[PDB]
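J.: Dropping a structure here in structure tokens format, bear with me for questions.
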Amino acid sequence: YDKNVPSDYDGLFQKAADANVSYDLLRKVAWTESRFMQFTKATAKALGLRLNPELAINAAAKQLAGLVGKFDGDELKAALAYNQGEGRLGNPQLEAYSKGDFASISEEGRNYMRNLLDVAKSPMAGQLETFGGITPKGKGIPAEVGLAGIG
Amino acid sequence: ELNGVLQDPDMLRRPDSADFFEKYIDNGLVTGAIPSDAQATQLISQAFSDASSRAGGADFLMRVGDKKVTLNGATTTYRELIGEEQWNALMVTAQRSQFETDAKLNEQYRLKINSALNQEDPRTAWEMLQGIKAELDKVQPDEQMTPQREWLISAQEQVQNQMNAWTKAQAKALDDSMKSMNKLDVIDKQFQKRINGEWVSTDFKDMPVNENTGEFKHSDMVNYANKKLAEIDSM
Amino acid sequence: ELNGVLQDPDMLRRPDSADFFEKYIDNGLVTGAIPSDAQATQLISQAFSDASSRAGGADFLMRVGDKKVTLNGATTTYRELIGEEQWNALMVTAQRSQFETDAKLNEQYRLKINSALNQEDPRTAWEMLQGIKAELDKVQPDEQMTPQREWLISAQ
Amino acid sequence: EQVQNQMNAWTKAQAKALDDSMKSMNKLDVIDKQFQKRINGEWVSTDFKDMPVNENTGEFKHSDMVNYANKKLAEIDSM
């Protein structure tokens, strides 16, 4: 449903935003929320500090910098902390993610990670990529590769 | 004597009970406790049917089907005493027996499945279904086609059929809100052709209509009228 | 000793394992390793049930059912030791066993089928269905009526 | 697992009943806002056929002003 071949203003901007994380991730984090950073929460705009690509991608690049820096080796943990903040809701999940207890993270954090690990790199990548296979040797199908053509 | 460490449904799934069974059969065949190879076979085929029809048995069986035993002079692996086909049947039975020996597991999984087919968002049913497929791999660790792995298959291929309708109901909701934007765009174009010096009416009953707009109601001008004034105020 | 080159589910579909089985049975009957023709028959009927209930077995069977073997003085082809009807049942089983021995194949094919019945354009579901009928011919190479060839028929 | 399937429909029929009674409150709120923009000295019509419409309100009927008219008088009487 997505590719890295088509280039637009997005790829034109994240080339420097990643220099001020990863261009491959920052191109993908924005795509999933706003097709081609969509900080929809009013508090996320008051805390992150709108609809201008000069700072929106610059806001995501700053958060994803610290989120991918708070552990420096867990980029899937970073993408999770992005759409699941560390206050009163993400703390029970993020402490349950490192222990490999993906059955107790969220219905939205898993669906988010499962869509972005194809371009992101984590040590728990191959452990979530097979989190829910039909057989323990199987691979659980994420939401938008089993629901691909339905539309 | 096998019901000492092969009945406690938590003492099967341990990884030593496989070694206990291998050592039992071996030291019984060697030290005369099990005299006849026509009798160690009955002990195998009765301990496997005790451990298959019992919660915790699928992984004990999958662990023991790789240990070596020597019967009738020919040495082999327990997956090969019993045939390949018969071992497949055995593991299927050992996985699906812990769902009709206790009805709490059957109740629980069926209710999670069904309350996962009734979530409003079809994309948020799929992670529930991966959750179920993750709590099945803790009770059935072999890749055979147990009937619970048929619940999950029908659930997934039911959620796809649900999304085929939910997407139709979302496209019919972006059809009635792109109409109500087409109408404001055409009304603006009419006002602009009238302002720049061209003689075309601007009553709502005289706009053009092309199946992207529909018939113009009165409230599709009020909406426009309060939206040019709103935009002109913001300049 | 047959589980050395007839169990690895990629070593069955090779085109030499048929020759390995033919040479095993022949040189066992000739060089006394397999003494009795009432025992080479049991080796046949157990190696075929090992190779039929195992991923990769349908094409090994379809390859071996044309090799020559001599039992009870009468020389024949393995499709004719076992009857015609029994060979049909055997190949049906050997094709449909690799879809209930692993549930990954069953899951995958059923989901592609169902996500092919839910495409909006009915003309673009048909090429998806020819795709499925093209990835079934890689696991079931004989023309019997396996239940997966019933999925595809109901899908069309 | 049949009662769950029944509640999936009963909840849909309760959300369609809080959709037609939140519309009929949106309309009174927007009519009040129109009267208040007209009172505080601004030139916007207050006929029911000239309110704004945004799919949270629908088209305004006449009886959605009668209802409002008997409800300001009812509120002003209670002060």
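Ligands are numbered from 1 in the order shown, residues from 1 within each chain, and chains are lettered A, B, ... in the order they appear in the structure tokens.
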Can you list, as a PyMOL selection string, every protein, DNA or RNA residue that comes within 10 Å of region 67-80 of chain A when you count only C-alpha atoms, leaving out same-chain residues fewer than 4 positions away?

T.: chain A and resi 21-22+25-26+29+61-63+84-86+90+93-94+97-98+105+108-114+116-117+120-125+128

J.: Go ahead and write the residues just picked, C-alpha atoms, as a compact mmCIF listing (two decimals), in the first residue's frame.

T.:
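The resulting file, result_27.txt, is shown below:
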```
# COMPACT_ATOMS: atom_id res chain seq x y z
CA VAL A 21 17.04 10.22 13.41
CA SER A 22 16.19 8.42 10.16
CA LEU A 25 11.22 6.26 9.47
CA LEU A 26 10.23 9.94 9.45
CA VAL A 29 5.62 7.95 10.56
CA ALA A 61 11.96 14.88 14.06
CA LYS A 62 12.68 16.36 17.49
CA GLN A 63 10.41 13.98 19.41
CA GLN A 84 1.43 6.39 22.84
CA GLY A 85 2.80 9.02 25.22
CA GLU A 86 4.60 8.24 28.45
CA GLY A 90 2.08 4.29 27.79
CA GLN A 93 2.76 -0.69 27.90
CA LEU A 94 6.39 0.38 27.48
CA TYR A 97 7.07 -4.18 25.62
CA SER A 98 10.68 -4.79 26.62
CA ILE A 105 0.69 -3.59 25.09
CA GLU A 108 -3.22 0.40 18.70
CA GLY A 109 0.47 0.24 19.59
CA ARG A 110 0.82 -3.21 18.04
CA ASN A 111 -1.01 -2.16 14.89
CA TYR A 112 1.27 0.87 14.70
CA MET A 113 4.51 -1.06 15.21
CA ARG A 114 3.42 -3.82 12.84
CA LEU A 116 6.45 0.45 10.51
CA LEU A 117 8.87 -2.34 11.40
CA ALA A 120 12.47 0.32 11.19
CA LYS A 121 15.17 -1.65 13.00
CA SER A 122 14.86 -2.99 16.56
CA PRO A 123 16.19 -6.02 18.42
CA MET A 124 12.58 -7.00 19.15
CA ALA A 125 11.69 -6.68 15.45
CA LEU A 128 7.08 -9.02 17.18
```

J.: Please list as a VMD selection string every residue within 7 Å of region 32-48 of chain D, counting only C-alpha atoms and excluding residues in the same chain fewer than 4 positions away.

T.: chain D and resid 28 60 62 65

J.: Could you check which of D:51, D:26, D:31, D:10 is closest to chain B, using only C-alpha atoms?

T.: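 Among the listed residues, the smallest separation from chain B belongs to D:51.
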
J.: Residues of chain B within 8 Å of chain A, counting only C-alpha atoms - could you list those as a ChimeraX atom specification?

T.: /B:123-124,126-128,130-134,136-137,140-143,149,152,160,163-164,167-168

J.: Fewer than 6 positions away in the same chain doesn't count, so skip those; otherwise give me all residues within 8 Å of region 69-71 of chain B, counting only C-alpha atoms, as a PyMOL selection string.

T.: chain B and resi 22+25-26+37+77-78

J.: Limited to N, CA, C and O atoms, could you put the picked residues into a file as a short mmCIF file (atom, residue, chain, number, x, y, z; two decimals), in the first residue's frame?

T.:
```cif
data_model
loop_
_atom_site.label_atom_id
_atom_site.label_comp_id
_atom_site.auth_asym_id
_atom_site.auth_seq_id
_atom_site.Cartn_x
_atom_site.Cartn_y
_atom_site.Cartn_z
N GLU B 22 11.63 -40.92 28.68
CA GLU B 22 12.66 -41.63 27.96
C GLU B 22 13.44 -42.55 28.89
O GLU B 22 13.69 -43.72 28.56
N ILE B 25 11.25 -45.69 30.05
CA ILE B 25 11.17 -46.77 29.07
C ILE B 25 12.53 -47.44 28.87
O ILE B 25 12.62 -48.67 28.81
N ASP B 26 13.60 -46.65 28.78
CA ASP B 26 14.92 -47.24 28.56
C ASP B 26 15.32 -48.16 29.71
O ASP B 26 15.63 -49.34 29.51
N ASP B 37 9.45 -56.37 24.59
CA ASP B 37 9.26 -55.28 23.64
C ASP B 37 7.84 -55.24 23.10
O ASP B 37 7.41 -54.21 22.59
N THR B 77 13.02 -43.07 16.72
CA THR B 77 12.47 -41.95 17.47
C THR B 77 10.97 -42.12 17.58
O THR B 77 10.32 -42.59 16.65
N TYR B 78 10.42 -41.70 18.72
CA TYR B 78 9.02 -41.99 19.01
C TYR B 78 8.07 -41.46 17.94
O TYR B 78 6.96 -41.97 17.81
#
```

J.: Counting only C-alpha atoms, what is within 6 Å of residue 13 (chain B), bar same-chain residues fewer than 5 positions away, as a CSV table (one decimal) with N, CA, C and O atoms, in the first residue's frame?

T.:
```
chain,number,residue,atom,x,y,z
B,56,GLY,N,-2.0,-29.9,28.8
B,56,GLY,CA,-0.6,-29.8,29.0
B,56,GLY,C,0.2,-30.9,28.2
B,56,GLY,O,1.4,-31.0,28.3
B,59,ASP,N,2.7,-30.3,24.2
B,59,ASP,CA,4.2,-30.1,24.2
B,59,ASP,C,5.0,-31.2,24.8
B,59,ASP,O,6.1,-31.4,24.4
B,60,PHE,N,4.4,-31.9,25.8
B,60,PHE,CA,5.1,-33.1,26.2
B,60,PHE,C,5.3,-34.1,25.0
B,60,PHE,O,6.4,-34.7,24.9
```

J.: Excluding same-chain residues fewer than 3 positions from region 125-137 of chain C, what lies within 10 Å of it counting only C-alpha atoms, as a PyMOL selection string?

T.: (chain A and resi 149) or (chain C and resi 95+109-110+112-113+115-122+140-143+148-149+152-153+155-156)

J.: If you measure from CA of residue 50 (chain B) to CA of residue 144 (chain B), what distance in Å do you get, rounded to one decimal?

T.: 19.8 Å

J.: CA of residue 22 (chain D) and CA of residue 49 (chain D), how far apart in Å?

T.: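 Atom-to-atom, CA of residue 49 (chain D) to CA of residue 22 (chain D), that is 19.5 Å.
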
J.: Which is closest to chain A among C:90, C:105, C:139, C:12, if we use only C-alpha atoms?

T.: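 Of C:90, C:105, C:139, C:12, the one nearest chain A is C:105, counting only C-alpha atoms.
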
J.: Using DSSP assignments from the backbone, pull out every residue in region 16-124 of chain C that falls under alpha helix (DSSP H) and give it to me as a compact mmCIF listing (two decimals) with N, CA, C and O atoms, in the first residue's frame.

T.:
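And here is the file that came out, states-v1.txt:
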```txt
# COMPACT_ATOMS: atom_id res chain seq x y z
N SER C 17 14.97 -38.63 -5.62
CA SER C 17 14.45 -39.45 -4.53
C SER C 17 13.55 -40.56 -5.06
O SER C 17 13.48 -41.63 -4.44
N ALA C 18 12.87 -40.33 -6.18
CA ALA C 18 12.15 -41.41 -6.83
C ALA C 18 13.11 -42.53 -7.22
O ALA C 18 12.84 -43.71 -6.96
N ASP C 19 14.23 -42.17 -7.82
CA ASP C 19 15.23 -43.17 -8.18
C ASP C 19 15.83 -43.81 -6.94
O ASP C 19 16.12 -45.01 -6.94
N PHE C 20 16.02 -43.03 -5.87
CA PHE C 20 16.53 -43.62 -4.64
C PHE C 20 15.59 -44.68 -4.10
O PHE C 20 16.03 -45.74 -3.65
N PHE C 21 14.29 -44.40 -4.11
CA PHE C 21 13.35 -45.39 -3.60
C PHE C 21 13.29 -46.62 -4.50
O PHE C 21 13.25 -47.76 -4.01
N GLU C 22 13.28 -46.41 -5.82
CA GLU C 22 13.28 -47.56 -6.72
C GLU C 22 14.50 -48.43 -6.50
O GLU C 22 14.39 -49.66 -6.42
N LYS C 23 15.68 -47.81 -6.36
CA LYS C 23 16.90 -48.58 -6.17
C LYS C 23 16.94 -49.24 -4.80
O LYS C 23 17.43 -50.37 -4.66
N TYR C 24 16.42 -48.57 -3.77
CA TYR C 24 16.32 -49.18 -2.46
C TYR C 24 15.53 -50.47 -2.52
O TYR C 24 16.03 -51.53 -2.14
N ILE C 25 14.30 -50.41 -3.03
CA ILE C 25 13.46 -51.61 -3.06
C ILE C 25 14.07 -52.68 -3.95
O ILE C 25 14.10 -53.86 -3.59
N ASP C 26 14.58 -52.30 -5.12
CA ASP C 26 15.15 -53.30 -6.02
C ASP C 26 16.35 -54.00 -5.40
O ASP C 26 16.37 -55.23 -5.30
N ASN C 27 17.36 -53.24 -4.99
CA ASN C 27 18.55 -53.85 -4.41
C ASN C 27 18.29 -54.49 -3.07
O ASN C 27 19.13 -55.25 -2.59
N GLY C 28 17.16 -54.20 -2.44
CA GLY C 28 16.82 -54.92 -1.24
C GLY C 28 16.22 -56.27 -1.57
O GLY C 28 16.46 -57.25 -0.87
N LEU C 29 15.44 -56.32 -2.64
CA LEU C 29 14.87 -57.60 -3.03
C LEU C 29 15.91 -58.52 -3.62
O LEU C 29 15.85 -59.74 -3.42
N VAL C 30 16.89 -57.97 -4.34
CA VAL C 30 17.89 -58.80 -5.01
C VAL C 30 18.99 -59.23 -4.05
O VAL C 30 19.34 -60.41 -3.97
N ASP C 37 8.97 -60.99 -0.40
CA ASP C 37 8.06 -60.13 -1.15
C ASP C 37 6.82 -59.79 -0.35
O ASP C 37 6.14 -58.82 -0.67
N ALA C 38 6.50 -60.57 0.67
CA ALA C 38 5.49 -60.15 1.62
C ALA C 38 6.01 -59.12 2.59
O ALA C 38 5.26 -58.68 3.46
N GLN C 39 7.29 -58.75 2.48
CA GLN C 39 7.85 -57.69 3.29
C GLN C 39 8.23 -56.46 2.50
O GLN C 39 8.16 -55.35 3.04
N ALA C 40 8.64 -56.61 1.24
CA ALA C 40 8.81 -55.43 0.40
C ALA C 40 7.49 -54.71 0.20
O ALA C 40 7.48 -53.49 0.03
N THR C 41 6.38 -55.44 0.22
CA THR C 41 5.08 -54.81 0.10
C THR C 41 4.78 -53.94 1.32
O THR C 41 4.24 -52.84 1.18
N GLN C 42 5.14 -54.40 2.51
CA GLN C 42 4.93 -53.58 3.70
C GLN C 42 5.84 -52.36 3.69
O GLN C 42 5.44 -51.28 4.13
N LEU C 43 7.06 -52.50 3.16
CA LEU C 43 7.94 -51.35 3.03
C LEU C 43 7.38 -50.33 2.05
O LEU C 43 7.44 -49.12 2.31
N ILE C 44 6.82 -50.79 0.94
CA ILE C 44 6.15 -49.90 0.00
C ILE C 44 5.01 -49.18 0.69
O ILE C 44 4.91 -47.95 0.66
N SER C 45 4.11 -49.94 1.31
CA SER C 45 2.90 -49.37 1.86
C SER C 45 3.13 -48.58 3.14
O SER C 45 2.20 -47.93 3.62
N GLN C 46 4.33 -48.63 3.71
CA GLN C 46 4.64 -47.75 4.82
C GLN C 46 5.44 -46.54 4.39
O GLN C 46 5.24 -45.44 4.92
N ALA C 47 6.33 -46.69 3.41
CA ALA C 47 7.03 -45.53 2.89
C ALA C 47 6.10 -44.60 2.12
O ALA C 47 6.32 -43.39 2.12
N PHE C 48 5.07 -45.14 1.47
CA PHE C 48 4.12 -44.28 0.78
C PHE C 48 3.23 -43.53 1.76
O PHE C 48 2.84 -42.39 1.49
N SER C 49 2.90 -44.13 2.90
CA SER C 49 2.12 -43.42 3.91
C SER C 49 2.98 -42.47 4.73
O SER C 49 2.45 -41.54 5.34
N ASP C 50 4.29 -42.69 4.78
CA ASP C 50 5.17 -41.67 5.35
C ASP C 50 5.32 -40.50 4.40
O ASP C 50 5.33 -39.34 4.83
N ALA C 51 5.45 -40.77 3.10
CA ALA C 51 5.66 -39.72 2.13
C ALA C 51 4.38 -39.04 1.70
O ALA C 51 4.45 -37.96 1.12
N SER C 52 3.22 -39.63 1.96
CA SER C 52 1.97 -38.98 1.59
C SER C 52 1.52 -38.00 2.66
O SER C 52 0.98 -36.94 2.35
N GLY C 57 5.14 -34.45 -0.67
CA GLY C 57 4.99 -35.84 -0.99
C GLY C 57 4.24 -36.15 -2.25
O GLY C 57 4.44 -37.21 -2.85
N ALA C 58 3.36 -35.24 -2.68
CA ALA C 58 2.51 -35.52 -3.83
C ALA C 58 3.34 -35.75 -5.08
O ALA C 58 3.05 -36.65 -5.87
N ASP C 59 4.39 -34.96 -5.27
CA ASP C 59 5.18 -35.12 -6.48
C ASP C 59 6.17 -36.27 -6.37
O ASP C 59 6.46 -36.91 -7.38
N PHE C 60 6.68 -36.57 -5.18
CA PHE C 60 7.44 -37.80 -5.03
C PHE C 60 6.59 -39.00 -5.41
O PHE C 60 7.05 -39.90 -6.12
N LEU C 61 5.35 -39.04 -4.93
CA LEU C 61 4.48 -40.16 -5.26
C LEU C 61 4.19 -40.20 -6.75
O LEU C 61 4.22 -41.28 -7.37
N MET C 62 3.88 -39.06 -7.35
CA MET C 62 3.58 -39.05 -8.77
C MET C 62 4.80 -39.40 -9.60
O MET C 62 4.65 -39.81 -10.76
N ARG C 63 5.99 -39.24 -9.05
CA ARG C 63 7.19 -39.62 -9.77
C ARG C 63 7.47 -41.10 -9.61
O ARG C 63 7.94 -41.75 -10.55
N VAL C 64 7.19 -41.66 -8.43
CA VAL C 64 7.50 -43.06 -8.19
C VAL C 64 6.45 -43.97 -8.79
O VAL C 64 6.75 -45.12 -9.11
N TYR C 78 4.37 -49.04 -9.71
CA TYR C 78 3.83 -48.82 -8.37
C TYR C 78 2.41 -48.28 -8.39
O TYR C 78 1.69 -48.44 -7.41
N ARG C 79 1.98 -47.66 -9.49
CA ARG C 79 0.58 -47.28 -9.61
C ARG C 79 -0.31 -48.49 -9.78
O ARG C 79 -1.54 -48.35 -9.77
N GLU C 80 0.27 -49.67 -9.92
CA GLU C 80 -0.48 -50.88 -10.20
C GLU C 80 -0.30 -51.97 -9.16
O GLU C 80 -1.12 -52.89 -9.12
N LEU C 81 0.74 -51.90 -8.33
CA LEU C 81 0.71 -52.63 -7.07
C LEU C 81 -0.52 -52.24 -6.28
O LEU C 81 -1.45 -53.02 -6.11
N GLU C 84 -5.78 -48.92 -8.95
CA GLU C 84 -6.06 -47.61 -9.51
C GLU C 84 -6.84 -46.75 -8.52
O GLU C 84 -6.47 -45.60 -8.25
N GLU C 85 -7.91 -47.30 -7.96
CA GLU C 85 -8.71 -46.54 -7.01
C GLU C 85 -7.90 -46.18 -5.78
O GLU C 85 -7.98 -45.05 -5.27
N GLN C 86 -7.10 -47.12 -5.29
CA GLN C 86 -6.30 -46.85 -4.11
C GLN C 86 -5.18 -45.86 -4.41
O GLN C 86 -4.83 -45.06 -3.54
N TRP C 87 -4.65 -45.86 -5.63
CA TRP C 87 -3.66 -44.84 -5.97
C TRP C 87 -4.29 -43.47 -6.07
O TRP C 87 -3.67 -42.46 -5.71
N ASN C 88 -5.52 -43.39 -6.58
CA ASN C 88 -6.22 -42.11 -6.60
C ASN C 88 -6.40 -41.57 -5.19
O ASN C 88 -6.11 -40.41 -4.92
N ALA C 89 -6.92 -42.41 -4.30
CA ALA C 89 -7.04 -42.00 -2.90
C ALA C 89 -5.69 -41.58 -2.34
O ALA C 89 -5.60 -40.59 -1.60
N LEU C 90 -4.64 -42.30 -2.70
CA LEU C 90 -3.32 -41.99 -2.16
C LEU C 90 -2.85 -40.61 -2.60
O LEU C 90 -2.35 -39.83 -1.79
N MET C 91 -3.00 -40.29 -3.88
CA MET C 91 -2.53 -39.00 -4.35
C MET C 91 -3.39 -37.87 -3.82
O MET C 91 -2.88 -36.79 -3.50
N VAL C 92 -4.70 -38.08 -3.70
CA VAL C 92 -5.56 -37.09 -3.05
C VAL C 92 -5.05 -36.79 -1.65
O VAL C 92 -4.92 -35.63 -1.25
N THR C 93 -4.75 -37.85 -0.89
CA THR C 93 -4.26 -37.65 0.46
C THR C 93 -2.91 -36.95 0.47
O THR C 93 -2.67 -36.07 1.30
N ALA C 94 -2.04 -37.29 -0.47
CA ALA C 94 -0.71 -36.71 -0.47
C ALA C 94 -0.74 -35.24 -0.85
O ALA C 94 0.16 -34.49 -0.46
N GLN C 95 -1.74 -34.83 -1.62
CA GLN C 95 -1.89 -33.42 -1.95
C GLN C 95 -2.54 -32.64 -0.83
O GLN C 95 -2.11 -31.53 -0.51
N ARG C 96 -3.60 -33.17 -0.22
CA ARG C 96 -4.31 -32.40 0.78
C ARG C 96 -3.73 -32.54 2.18
O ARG C 96 -4.20 -31.87 3.10
N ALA C 103 -0.62 -25.35 9.31
CA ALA C 103 -1.73 -24.42 9.24
C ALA C 103 -1.32 -23.09 8.65
O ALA C 103 -2.20 -22.25 8.42
N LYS C 104 -0.03 -22.86 8.42
CA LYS C 104 0.38 -21.65 7.73
C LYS C 104 -0.09 -21.65 6.28
O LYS C 104 -0.56 -20.63 5.77
N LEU C 105 0.01 -22.80 5.62
CA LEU C 105 -0.49 -22.88 4.25
C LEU C 105 -2.00 -22.71 4.22
O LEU C 105 -2.53 -22.01 3.34
N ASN C 106 -2.71 -23.32 5.17
CA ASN C 106 -4.17 -23.21 5.18
C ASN C 106 -4.61 -21.77 5.42
O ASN C 106 -5.43 -21.23 4.68
N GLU C 107 -4.06 -21.15 6.46
CA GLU C 107 -4.29 -19.73 6.71
C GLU C 107 -4.03 -18.89 5.46
O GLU C 107 -4.89 -18.12 5.03
N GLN C 108 -2.84 -19.03 4.89
CA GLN C 108 -2.44 -18.15 3.80
C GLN C 108 -3.37 -18.29 2.61
O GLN C 108 -3.84 -17.28 2.06
N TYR C 109 -3.66 -19.52 2.20
CA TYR C 109 -4.51 -19.69 1.02
C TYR C 109 -5.94 -19.26 1.29
O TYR C 109 -6.58 -18.67 0.42
N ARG C 110 -6.45 -19.52 2.49
CA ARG C 110 -7.83 -19.13 2.73
C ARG C 110 -7.95 -17.61 2.78
O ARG C 110 -8.93 -17.05 2.28
N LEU C 111 -6.95 -16.93 3.32
CA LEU C 111 -7.02 -15.48 3.37
C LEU C 111 -6.86 -14.86 1.99
O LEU C 111 -7.52 -13.87 1.68
N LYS C 112 -5.98 -15.40 1.15
CA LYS C 112 -5.90 -14.88 -0.21
C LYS C 112 -7.19 -15.13 -0.97
O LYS C 112 -7.67 -14.25 -1.69
N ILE C 113 -7.81 -16.30 -0.79
CA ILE C 113 -9.08 -16.56 -1.44
C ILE C 113 -10.13 -15.54 -1.00
O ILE C 113 -10.83 -14.94 -1.82
N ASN C 114 -10.24 -15.33 0.31
CA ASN C 114 -11.32 -14.48 0.80
C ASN C 114 -11.07 -13.02 0.47
O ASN C 114 -12.01 -12.30 0.11
N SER C 115 -9.83 -12.56 0.59
CA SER C 115 -9.49 -11.22 0.13
C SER C 115 -9.49 -11.12 -1.39
O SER C 115 -9.24 -10.03 -1.91
N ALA C 116 -9.70 -12.21 -2.10
CA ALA C 116 -9.97 -12.16 -3.52
C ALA C 116 -11.45 -12.18 -3.84
O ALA C 116 -11.83 -11.79 -4.95
N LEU C 117 -12.30 -12.63 -2.93
CA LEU C 117 -13.73 -12.49 -3.13
C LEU C 117 -14.26 -11.13 -2.70
O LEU C 117 -15.44 -10.86 -2.90
N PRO C 122 -15.19 -7.17 -10.05
CA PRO C 122 -15.20 -8.62 -10.25
C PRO C 122 -14.23 -9.10 -11.30
O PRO C 122 -13.83 -10.26 -11.25
N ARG C 123 -13.85 -8.26 -12.26
CA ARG C 123 -12.85 -8.67 -13.24
C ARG C 123 -11.45 -8.70 -12.66
O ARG C 123 -10.59 -9.41 -13.19
N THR C 124 -11.18 -7.94 -11.60
CA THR C 124 -9.88 -7.97 -10.97
C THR C 124 -9.81 -8.96 -9.82
O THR C 124 -8.76 -9.10 -9.21
```

J.: For residue 208 (chain B), find every residue with an atom within 10 Å (counting only C-alpha atoms), except residues of its own chain fewer than 4 positions away, and show them as number ranges by chain.

T.: B: 183, 186-187, 190, 204, 213-216
